[PDB]
Amino acid sequence: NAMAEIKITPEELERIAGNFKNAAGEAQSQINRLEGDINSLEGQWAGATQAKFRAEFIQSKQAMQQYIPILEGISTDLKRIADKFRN
Amino acid sequence: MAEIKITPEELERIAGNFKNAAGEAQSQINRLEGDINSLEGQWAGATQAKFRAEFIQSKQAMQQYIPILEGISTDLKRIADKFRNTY
């Protein structure tokens, strides 16, 4: 039987791709603000305390460094399909 | 201008930033999951499966990130409480 037709438009795929790209940017911005917060505590208490918080925060950075490229990959895969559908 | 001295109020402010960030992160992954869900039945199953698999990867990174932020919030609050009970 005939292959089952596509209902999604390239424009809609591109809108969702935009949501993923923008989410990735928001995520990076968020971690940047939080990093500023941790930075601000340095020198205002014991170095050992600051080190504990820096280490915890770096863990969150590492998780975000996994997350962001996945979102960007999804965004780009969506755009690649929209382009293929359109042309 | 002087560097801002640490107080329980400062630690609570920063703890709140981490807590709010966790909530914003949960909201983001929820919205993106909604987007992936909306593609169901709109194109081929193999295509949907691919994007679902990629998305689940991002969700898993997020499920690591969020508790790390909540941990930092808790640790900051712990210290704020210690300062109040003993800047």
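Note that each Cβ is placed from the backbone with ideal geometry, even for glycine, and that neighbours are counted across all protein chains shown. Values quoted throughout were computed directly from the atomic coordinates according to the rules given, and no laboratory measurement underlies them.
Scanning region B:51-79 for residues that are of a type in the set (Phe, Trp, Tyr) and either in contact with a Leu (Cβ under 8 Å, 6 or more places away or on another chain) or outside any helix (DSSP H, G or I) (or both) yields a count of 2.
Each residue in region A:38-75 was checked for being surrounded by fewer than 16 Cβ atoms within 10 Å (Cβ to Cβ) and of a type in the set (A, V, I, L, M, F, W, C), and 5 of them qualify. Return yes when B:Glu10 is surrounded by 14 or more Cβ atoms within 10 Å (Cβ to Cβ), more than 11 Å from the chain's Cα centre (by Cα) and either at the interface with chain A (Cβ under 9 Å from one of its Cβ atoms) or in a helix (DSSP H, G or I) (or both) and no when it is not. Judged against the criteria, B:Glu10 is a match.
Only one of the listed residues (A:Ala48, A:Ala82, A:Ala27) is part of a helix (DSSP H, G or I) and touching a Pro at 6+ places or on another chain (Cβ under 6 Å). That residue is A:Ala82. Scanning region A:32-70 for residues that are within 7 Å of chain B (Cβ to nearest Cβ) and under 30 Å from A:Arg86 (Cα atoms) returns A:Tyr67, A:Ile70. Scan region A:10-35 for residues that are closer than 15 Å to A:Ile74 by Cβ and among the charged types (D, E, K, R) and the total you get is 5.
Contact annotation: residue pairs with Cβ atoms under 8 Å, 6 or more positions apart or on different chains, pairing a residue in region A:19-31 that is more than 8 Å from chain B (Cβ to nearest Cβ) with a partner that is surrounded by fewer than 22 Cβ atoms within 10 Å (Cβ to Cβ) and hydroxyl-bearing (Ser, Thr, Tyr), are A:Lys21/A:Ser75; A:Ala24/A:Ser75.
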